[PDB]
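This document opens with one chain alone, in structure tokens, the form deposited in one PDB entry.
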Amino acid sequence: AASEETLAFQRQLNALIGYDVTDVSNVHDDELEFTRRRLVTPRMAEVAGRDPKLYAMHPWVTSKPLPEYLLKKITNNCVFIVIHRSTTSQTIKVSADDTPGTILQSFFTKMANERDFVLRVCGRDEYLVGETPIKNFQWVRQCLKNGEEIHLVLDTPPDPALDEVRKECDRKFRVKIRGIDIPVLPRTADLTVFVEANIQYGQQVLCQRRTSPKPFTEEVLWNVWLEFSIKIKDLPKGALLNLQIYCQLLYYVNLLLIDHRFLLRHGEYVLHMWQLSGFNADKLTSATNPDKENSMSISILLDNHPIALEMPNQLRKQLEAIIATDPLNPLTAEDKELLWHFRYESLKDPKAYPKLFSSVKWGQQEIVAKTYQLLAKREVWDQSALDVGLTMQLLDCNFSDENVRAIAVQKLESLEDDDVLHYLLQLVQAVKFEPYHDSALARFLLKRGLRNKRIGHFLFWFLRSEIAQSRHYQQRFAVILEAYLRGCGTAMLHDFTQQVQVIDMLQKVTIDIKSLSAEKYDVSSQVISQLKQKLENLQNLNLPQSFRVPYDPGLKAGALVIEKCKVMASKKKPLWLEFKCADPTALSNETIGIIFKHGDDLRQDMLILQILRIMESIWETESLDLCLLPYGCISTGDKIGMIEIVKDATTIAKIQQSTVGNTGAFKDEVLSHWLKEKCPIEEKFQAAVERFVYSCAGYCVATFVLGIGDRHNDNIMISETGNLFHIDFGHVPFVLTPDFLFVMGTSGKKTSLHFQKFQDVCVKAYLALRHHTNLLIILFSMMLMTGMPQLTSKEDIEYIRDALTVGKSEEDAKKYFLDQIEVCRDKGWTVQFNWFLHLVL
């Protein structure tokens, strides 16, 4: 039995999730339900312990110091803020150390609990509340950087009652391979086929056995016992039995040998397989293919609980040569032995943990034993200061051991909310490397999401993103999302519903509109009146009147402005939508622009954009502001999603087309001429030129390190404020064309004033990233493994190593980047003209 209401609840949950989590149709064990049942406690333990008030106003703060760029603009010890009562308003100087209370307890003495209000950000759902210095608020810091006033408004604190959560042996190992079955055969000359079985741990193969090659029929039997050299008692918790079909790898499937319950896996199994799209997180999944009618299946038998709990010389000082912090530097049998033999000496240094645990022989019970003793005393580690870079490497595909991974997650615990937001996307992707559905990392994410609405809002869209287009991982992520959705609150549950409703309706339009004309780029007037009408059709009584903007939670969107909506003259025929701001206190009339697009895999864009945000914080710790513009983007489904529209900005390519020919030979003057005219007032033009210098640099260094600098002009944009920024990330060192150089004041290839400033920044920016080589290397490799198709592991990943110029000394590095800036100088328009040709051919 089950209370109708409850049943109805779980019904909406699944609607939010985008998948039916109750489904037990696709599970060969009760790990999903078991997990779906185990998270209930940690979730309820979070809801109960959080402060309903601070949770309702989700203050966004940071405990870091104000970088030079920000502090300098405070050479007054204080700062003022315009407070809006009603249509009223008054300025009040305040010191950087004032508390939100000391701000009102003071503001009221100037006019004259009597003070039953709170400070919110005009036209935003952002509150300055709690025992924190106003200088430690994110909003404040951003206003400072963008030299803007801090317009706040007096209003009543939200009611926490809106967030209330609804009511509740010893012999060797062997496996019998019975056979492979598939309904339809792939018309391909008819080849041979054999099954490969691997015992795998942390992406390493411990033992491997094969069957005899037979003709590729539709039912191929073997009934052969494959015996491995490993002994049951030596199978580590978290090992997988990888089953592959070859002839070229065609299909694969995995099965955890030791289950969530610590029991060896016995029984007959019929496992449905994944097909190779043509290394990455997907090949590691324990999920089976749900397409049980069309998929290849393999049948096996398993039949044989256990698991359930002097100071060296120069030699050892060569161990330090190995601990060369090179994440992408493999280890030799010799290297590993050295590391393991001198274990305890290696333990006295955190930066060597990854290398040390990768020298462990996980396939030997007795050794795993000593490892667990080595961890028993985590002094050097527990006392060490957090290093995300080091922590992330311990969460990647190379480590399957729960305790090793648990210490990494232990360090994450130290992260303040603002830091959890910079790495959240990558931590959610790292869940794919966990051997079991329930893990310390799945728990950490659940918790921080339940404790802070901002993180929760994002955890939600990152999880949903994957649930929607990832068969390999959607079950595990749904169970994680459901557990979050049973604790976020009724208010958020409502917000999520309105947002889900809106995108589900807008993408339907996006695609339908795409069919009407996915061939010729001739955007007709009818397709346009068509879009409008469709929008009118929804605007009626279906489309939610208002909703929070998925990539910017504090912004509230209202009615669509049908008059400004259009279909862009782009291959993908993206929709360009504009909405009003639902908030009356909005200190402006500017609309909220959002592009909806079908055709590009926006998950790659989400990953690039977040990396970029991480670089900005790295540069901040060093007091540098490259003016990047990592606009919001959220991947909603397979090749579909939304993009934040950066206001009054244009493509660099379009600029060339307007002045000069839309096909002719690009001109230099073009860009600067466009800027001058865009912002007449000679005082604003100067500043624009200043932005263009730093932003241009920021992107050149950023894109260069990411191996993504060579792109067409059409994928680069500029604001009427001088900000340059790259866009539309689908997948010469970088783009620094004559027109860019021109804006900096440089004809031919000589004179250089602003060019001087340019060079300087690039270097200081480049060498600032090098101080974080290990962090950038695990991020770059995790990105490739979780967001790119079948990659060239370590090969595709060996690029960033050269780009960061590992080993080489700073000065030599400085010169290496300087030469890169030079290769562009000599190339000029050659590359662009070729890209144009390419789009022509």
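Residue indices: 1-based, along the sequence shown. Between two forms, the rigid core is defined as the largest C-alpha subset superposing within 1.5 Å.
Gaps at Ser695 occur in none of the other compared entries of the protein that contain both adjacent residues, all of which model it rather than a third dropping it. Of the other compared PDB entries of this protein that include residues on both sides, at least a third leave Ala112 without atoms. According to the record, the deposited sequence contains no missing residues between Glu219 and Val220, so the chain is continuous there. Per the record, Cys247 and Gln248 are separated by 10 or more deposited residues that have no coordinates. In this entry, 184-192 has the higher mean Cα B-factor, the comparison being between 184-192 and 120-128. Higher mean CA temperature factor between 395-403 and 67-75: 67-75, per the PDB entry.
Note on the listed residues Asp282, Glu164, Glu563, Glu466: the highest Cα temperature factor in the record is that of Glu164.
Remark: of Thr35, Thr773, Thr792, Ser781, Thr792 shows the highest value [criterion: C-alpha B-factor in the PDB entry]. Ranked by Cα temperature factor within the chain, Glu31 sits in the lowest third according to the deposited record. Remark: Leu818 belongs to the highest third of its chain, ranked by C-alpha B-factor as recorded.
Per the PDB record, residue ranking by Cα B-factor puts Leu421 in the lowest third of the chain. When the CA B factors of the chain's modelled residues are split into thirds, the value for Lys233 lands in the middle one. Per the PDB record, residue ranking by Cα B-factor puts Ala333 in the highest third of the chain.
Although it is not shown, the form deposited in another entry is what the next lines describe.
Among the residues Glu337, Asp326, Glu227, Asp512, the single one whose Cα moves by at least 2 Å between this form and the one not shown, once the core is superposed, is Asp512. Comparing the forms between this form and the one not shown on their rigid core, the Cα displacement of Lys639 reaches 2 Å or more. Superposition on the rigid core between this form and the one not shown places the CA atom of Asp600 2 Å or more away from its counterpart. Fitting the two forms on the rigid core leaves the C-alpha of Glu131 displaced by under 2 angstroms between this form and the one not shown. Compared with the form shown here, the Cα atoms of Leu516 and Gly593 move at least 3 Å closer together in the other form. Between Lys514 and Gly593, the C-alpha separation grows by 3 Å or more in the other form, relative to the conformation displayed.
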